[PDB]
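>>> How does the following fold in three dimensions:
(4 chains, ligands or ions: 2)
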There are 4 protein chains.
Amino acid sequence: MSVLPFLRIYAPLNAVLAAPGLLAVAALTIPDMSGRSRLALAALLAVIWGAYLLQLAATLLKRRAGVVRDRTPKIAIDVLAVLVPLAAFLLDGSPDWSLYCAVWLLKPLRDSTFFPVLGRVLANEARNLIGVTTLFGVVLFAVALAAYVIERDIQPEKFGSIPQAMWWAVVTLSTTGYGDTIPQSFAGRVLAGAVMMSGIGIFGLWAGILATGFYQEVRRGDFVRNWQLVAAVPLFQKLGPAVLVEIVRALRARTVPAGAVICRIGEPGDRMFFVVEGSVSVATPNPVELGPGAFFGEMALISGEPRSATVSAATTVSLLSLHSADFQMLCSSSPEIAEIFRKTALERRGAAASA
Amino acid sequence: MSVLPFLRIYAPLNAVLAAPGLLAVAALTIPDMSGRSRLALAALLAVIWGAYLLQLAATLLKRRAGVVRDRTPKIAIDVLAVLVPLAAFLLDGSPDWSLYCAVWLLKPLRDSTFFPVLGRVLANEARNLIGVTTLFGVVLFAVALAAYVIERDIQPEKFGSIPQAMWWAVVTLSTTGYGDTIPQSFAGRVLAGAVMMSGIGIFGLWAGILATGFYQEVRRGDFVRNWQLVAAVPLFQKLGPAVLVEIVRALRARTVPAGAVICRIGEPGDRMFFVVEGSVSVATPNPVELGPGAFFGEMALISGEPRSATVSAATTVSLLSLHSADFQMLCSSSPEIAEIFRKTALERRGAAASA
Amino acid sequence: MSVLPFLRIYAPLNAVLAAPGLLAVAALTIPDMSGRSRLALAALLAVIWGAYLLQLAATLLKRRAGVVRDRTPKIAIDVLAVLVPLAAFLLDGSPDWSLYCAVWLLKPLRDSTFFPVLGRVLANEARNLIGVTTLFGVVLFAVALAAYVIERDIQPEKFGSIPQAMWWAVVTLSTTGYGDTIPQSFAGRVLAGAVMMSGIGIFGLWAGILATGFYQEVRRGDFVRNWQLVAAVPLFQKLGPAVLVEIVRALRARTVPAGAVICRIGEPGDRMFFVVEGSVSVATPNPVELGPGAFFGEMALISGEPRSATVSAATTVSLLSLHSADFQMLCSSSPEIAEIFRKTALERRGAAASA
Amino acid sequence: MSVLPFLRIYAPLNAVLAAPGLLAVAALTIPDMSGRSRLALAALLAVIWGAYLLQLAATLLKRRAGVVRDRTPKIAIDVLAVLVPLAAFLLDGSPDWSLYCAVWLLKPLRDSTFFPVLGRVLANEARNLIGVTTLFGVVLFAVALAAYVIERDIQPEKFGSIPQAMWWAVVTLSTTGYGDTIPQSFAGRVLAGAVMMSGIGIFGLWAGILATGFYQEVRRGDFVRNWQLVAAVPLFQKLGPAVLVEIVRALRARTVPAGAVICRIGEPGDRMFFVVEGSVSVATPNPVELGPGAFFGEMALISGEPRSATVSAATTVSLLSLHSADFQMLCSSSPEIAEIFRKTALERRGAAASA
Ligand SMILES: [K+]
Ligand SMILES: [K+]
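Numbering: from 1, shown residues only, chains lettered A, B, ... in the order given. Ligands and ions are numbered 1, 2, ... in the order given. There you are, the coordinates:
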């Protein structure tokens, strides 16, 4: 609720081309299809082939920033990005070579930041997941077995065996309900009374494990990525030790591109920002073009008013942001700091129109 | 658990008429329907047309409060509220003109406060949502493809192509289970063992993103809307800086209308309120009719007793509220404040019956 | 994880008889049923009728504790508990009179504590629920309408109207997937790609509203019910103001009945209790039978050892409880208190075997 | 996100053999199966029989550590692990004796730590669960009954009775949607509008009860298991009382086996560890092989750099771990401690290459 995320977070065309690239697949998969576009999409594969392949060698030119690096991840796919289609192109002469479009699916995961963020926490909490997965296997066959007890007599063709009932177990337990094979008697139907009761309680825990400290990591990602942009601020030499831990939980940093708007004049003053690198367009008669290490919004928060200037991104700015309460928290935290932001709420009034 | 929300939060008739207005649609959609009520409901459309249209120009009279305003939102629908039926009324001579009842659906969203509250946070956390949405697309075709590997031979008419299996993917992954096309072999049925395991883990995170800091915003909405009603209180000049951040998290403000009851006599004393504007009916022999900037309940909390008066809303009061613990927190927070609320628990005993 | 809940929390037989009472219904609902037990269960209704009716007048004897009471709730059903069967017994001469077994269903809700706990919070947060319910209605017909656009031509009998598609909306949106009427074309099937995405995000919020501050109330129920049992403790005159708010969050109170076990000897010392009313059986050669206002477990926690005595409930005791950390929190909180619990860890060593 | 869990948490072969042991069952359950492997898997049962039975007496040799123990749990299955197949082997001469493979399903639960962790909290919060379970039974028949009101006339064979509709209740309420028996009229279809609305709100609470303080217990498990490894540290005599409660919430302890890697050189310095028992391989020209009661990572955190050494597990080490923020919290918490970790960031620079 407090951030301006811009400049194409889904930026790199390495990621962009997997989506249209794999939709080329399906038309080959269909009978009675004209040969015209049949191969026209195979070009686009060759384009994406040639495109990453064009990009490939530039990546294999890893004499850029060549001091110490760990690029086993970023290279693990680019290699196979072109090899696997190639060997597929010859050995699998039939159209089945296209079935090696299971390969580009990692290219999103190549430059998927937020995917290592996922895999990080699984290596702390899987202790639970296994004991739950076991426990899921307990409840699975603990309950799947009681069905064969009953309808094997009058439903051989559906429940004349165990795994046919273990099939109906997870369908019955995992919220799904296909609707192929269902009991007819009473007591077998009684048993379902505890199943959905169970599995919704189980996954009530099990999937809960994921979001549990995943949020800790994302709420932690907002700190580790933002213990940076701390020393950059000229004013933050007085901040006590325990002060920052209270604060950086809320502070997120994002980048705005050049030409974009930052805060439009007259809209309700609801937030203030800290500039640390870039330049702005504080839209005034004399534009107060503030550079790395600046801020604005106290004019609108101490007064609780609309904006005093159509601030727009003159350049690509690495932005911070902050809503009132946590700044009211700061204004409540120390009288030493409100002195400057009092003067600032008088300097910027005259300094906005003037120079 | 601690608030008296009253006076028709779903107040404006601009919102009320969308619901019955769109139920006029369906009777036109049905064969063998008598022409009698067929057009009778078209009137009610013309009523809602004429009604907002009657309301319309009063809104286009925006010389009220005309200093600085941002009403691109509130006007964006009122314009089309009447135009779109109108052009639809003539060009689409057949009854299909009624199909432009997709238009009023924004009129709730016109005066839907809590809808901008939604859209505010999506512009901070969609970074995650995309990486998850990509990741959802990863897992989609990563898993959808393995089905065509198998049953294309003996299920052409169901799994003789890829998207027919991507169809069975999300139905299998997104908790649904329609039950149209399901495997027959073993290993294809083995694969589902991880799917519901996956998607319930995925949406365990993904929908978790929404409620994650959505609650922060709603728990924040309870502050930004209630840093107001702070200076109004005559007693709150002594409150230290860090005191309020502890408190305003819990304090919610709502309005009660005239004639309503506030706290009924003899019910268990469970809460105390702060009046800031309006008037009450403290039901006593001499009604102690307290106005803007008053409170009551300490009589019932310091003693832990039922109510001392059938307080009812003499007028429309902008109410605050507070349960014991957070006031016990206040009574624990400072001895300076319990002095007055000790006297108040003696003044109001005699002042209730007397003047 | 830290409490001994015993003495039949589902105690009153007023609640017990609704369950078997309503299972008497179904046998009447079935053809080809013998008249033998057909009316035998009607007796059990007459029993439950006569039983509450026997209990009834004792409740209508409300000259017990007749000072100030609010028993509109507890009486609202007992009245109709016997009247509604009675008027049903005569006017509805056919067996349909049994269909007034929709009446006892409130008798659980009569003496359902935890049900007012539910209804308390709905009167603070329904503001959200309506805006979401509206928003649910937005997304409902916003999406339901686009289906009639498509398959009305080739599916009249299923999608030849709007509400037939609004039917398929919530089934498609609310996680269910019956499997009666599903599209055949492409773009109509494309639309489902966002639906489960939506509704699982919606209910990801909407049902989240319930548990959101419901837990606040239950975590609050653990305080309001336990600001009692505070002054009872002879030692708690020194506890500072802000000390208790830290503590009572964790402290739960429950009752154990006479004859039950409290802590068995040799089991791992994992918790300590505060007796406030009742008596125990500290199983020793000289049983140190401690009465109202006592405690035990510091012997096992300061040493981190198994139990020093098979403490069992000599009588019905109103119990408190506490795990180590929060007592380690107390031992960390003040050196003034560990002095006594040091002596206590020496007195009770000799006082256990001796008197 | 901050722990190295290794050395086969799913270690004991007592647990390993239940999974393959029960998959021996199904082949017997199937007609037209050759007798060759039919009994070959019965051997593997006899193996698992003989295997635990071989393990059995070693467990019944409970003169190891025979001082005070509570092994009613660990023995409750081992006894029946071999007896139940045995009596089954003779009395049930037909192949049905295999149906006593419902017995090993507890053997995972025998040595399932994290299963008592489950059962611990159910004995505090089931108060809620019953009132919800009752309330679930309220809503069940409250809603199930209204269906028989309607379609009994034109759907006898599906809704000609009550429990046939209570069947359609939970299927309709518990998120499932089999798709066997669905209404045809309007008002009966209207009723579903509140059902999924309800049950998703109910289980929104009910399953929420599980994860609610289950996480408290797991977040508590991280303390009770880690108030140990406190006195072992030679430096922690100065830590104030309230300091540790802040810290041990995050600190998890796990064990790494011999031969494994701990932190690889050049990877981004993201965490520091506390050795308390074992030995390491700090890969340097002179390996600084640190033993019980050591730490490392401050070199990479105070500088925010990659690793200074390929530390690998020379032996099985009982590890602790800690990310920066909580150590930055420590560095912010006291200047007394950064003095040593300043010297340590100079000693270990020279002491790494040297001795
Ligand atoms: K379903
Ligand atoms: K289905």
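
>>> With ligand 1 as the reference, measure out to the residue most central in space within chain A.
For chain A, the residue nearest the mean C-alpha position is residue A:114 (5.1 Å; C-alpha atoms, centre = their mean). Distance, residue A:114 to ligand 1, using C-beta to the ion, to the nearest Å: 29 Å. C-beta here means a position set from N, CA and C on the backbone, and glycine is covered the same way.

>>> same question, residue A:205
Distance from residue A:205 to ligand 1, by C-beta to the ion: 20 Å.

>>> do the same with residue A:83
Residue A:83 is 42 Å from ligand 1, by C-beta to the ion.

>>> Now do the contacts for the residue of the stretch 51-200 of chain A found nearest ligand 1.
The minimum distance from the stretch 51-200 of chain A to ligand 1, using C-beta to the ion, falls at residue A:177 (4.8 Å). Shown in contact with residue A:177 (C-beta atoms under 8 Å, 6 or more residues apart in numbering or on different chains): A:171, B:177, B:179, C:177, D:171, D:176-179.

>>> ok now do the nearest residue to residue A:7 once chain neighbours are set aside, which residues does it touch?
Leaving out its chain neighbours, the residue that sits closest to residue A:7 by C-beta to C-beta, 6 or more residues apart in numbering or on different chains is residue A:257, at 3.9 Å. Contacts for residue A:257 (C-beta under 8 Å, 6+ apart) come out as A:6-8, A:313, A:316.

>>> try residue A:173
By C-beta under 8 Å, 6+ apart, the neighbours of residue A:173 are A:139-140, A:143, A:195-196, A:198-199, A:202.

>>> Just put those in a markdown table and tack on neighbour count and secondary structure.
Output for the contacts of residue A:173, formatted as a markdown table (neighbours: other C-beta atoms under 10 Å in any protein chain shown; DSSP: H, G, I helix; E, B strand; the rest coil):
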| residue | neighbour count | secondary structure |
| --- | --- | --- |
| A:139 | 18 | helix |
| A:140 | 18 | helix |
| A:143 | 21 | helix |
| A:195 | 19 | helix |
| A:196 | 22 | helix |
| A:198 | 17 | helix |
| A:199 | 28 | helix |
| A:202 | 20 | helix |
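
>>> out of those, who's nearest chain C?
residue A:196 (12.0 Å; C-beta to the nearest C-beta).

>>> if we can go back for a sec, show me which of the contacts of residue A:177 is closest to residue A:347.
Distances from residue A:347 to the contacts of residue A:177, taken as C-beta to C-beta, are shortest for residue C:177 (62.9 Å).

>>> ok so the closest one is a strand residue?
No. Looking at residue C:177 with DSSP: H, G, I helix; E, B strand; the rest coil, it is coil, so not inside a strand.

>>> So the nearest residue to it once chain neighbours are set aside versus residue B:199, what's the distance?
Spatially, and ignoring its direct neighbours in sequence, residue C:177 is nearest to residue B:176 (3.9 Å; C-beta to C-beta, 6+ apart). Residue B:176 sits 10 Å away from residue B:199, going by C-beta to C-beta, to the nearest Å.

>>> do the same with residue A:284
From residue A:284 to residue B:199 the distance is 52 Å (C-beta to C-beta).

>>> For residue A:312, list the residues it contacts.
So residue A:312 contacts A:259-262, A:280-281, A:283 (C-beta under 8 Å, 6+ apart).

>>> got a winner among those residues for most neighbours?
Using other C-beta atoms under 10 Å in any protein chain shown as the neighbour criterion, residue A:280 leads those with 25 neighbours.

>>> got the buried residues for the longest strand along chain A?
Looking across chain A with DSSP state E, the single longest strand is strand A:273-277. The neighbour-count check on strand A:273-277 (16 or more other C-beta atoms under 10 Å in any protein chain shown) flags A:273-276 as buried.

>>> residues in contact with the residue of the stretch 101-250 of chain A found nearest chain C?
Proximity of the stretch 101-250 of chain A to chain C (C-beta to the nearest C-beta) peaks at residue A:179, 5.2 Å away. By C-beta under 8 Å, 6+ apart, the residues touching residue A:179 are B:177, B:179, C:178-179, D:177-180.

>>> Please report how far it lies from residue C:164.
20 Å.

>>> Same check on residue A:224?
Distance from residue A:224 to residue C:164, by C-beta to C-beta: 53 Å.

>>> number of nearby residues for the residue of the stretch 201-350 of chain A found nearest chain B?
The nearest approach of the stretch 201-350 of chain A to chain B comes at residue A:207, 2.9 Å away (C-beta to the nearest C-beta). Counted by other C-beta under 10 Å, the residues lying close to residue A:207 total 21.

>>> Next, it: phi, psi?
phi -60, psi -30 (degrees, to the nearest 10).

>>> Return the residues in contact with it.
B:200-201, B:203-205.

>>> Provide a ChimeraX selection command restricted to the buried entries of those.
This is how ChimeraX selects the buried members of the contacts of residue A:207, with burial counted by 16+ other C-beta under 10 Å:
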select /B:200,201,203,204,205
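
>>> So if I had to pick from residue A:224 and residue C:164, which one is more boxed in?
residue C:164 (22 against 15).

>>> my guess is that one contacts residue C:181, does it?
Yes. The pair residue C:164 and residue C:181 passes the contact test of C-beta atoms under 8 Å, sitting 7.4 Å apart.

>>> any common contacting residues for these two?
residue C:158.

>>> can you pull the buried residues of stretch A:247-264?
Buried-residue list, stretch A:247-264, by 16+ other C-beta under 10 Å: A:247-248, A:250-256, A:262-263.

>>> ok, back up a step: and the contacts of residue A:207, which two are furthest apart?
So, the contacts of residue A:207 by C-beta to C-beta: farthest apart are B:200 and B:205, at 10.1 Å.

>>> where does residue A:343 fall, phi/psi-wise?
phi -60, psi -40.

>>> Could you report the neighbour count for it?
Around residue A:343 there are 10 residues (other C-beta under 10 Å).

>>> Excluding its own residues, what touches stretch A:217-234? List them.
A:117, A:120-121, A:236, A:244, A:248-253, A:274, A:276-277, A:292-293, A:318, A:320, B:128, D:1, D:270, D:323-325, D:328.

>>> give me that answer again for 6 Å
A:121, A:248, A:251-253, A:276, A:293, D:1, D:325 (C-beta atoms under 6 Å, 6 or more residues apart in numbering or on different chains).

>>> Which of the residues you listed sits closest to residue B:213?
Taking these together and measuring to residue B:213 by C-beta to C-beta, the closest member is residue A:252, at 10.5 Å.

>>> Tell me how far the nearest residue to that closest one once chain neighbours are set aside lies from residue B:70.
Take residue A:252 and drop its neighbours on the chain: the residue closest to it by C-beta to C-beta, 6+ apart is residue A:3, 4.9 Å away. Using C-beta to C-beta, residue A:3 is found at 21 Å from residue B:70.
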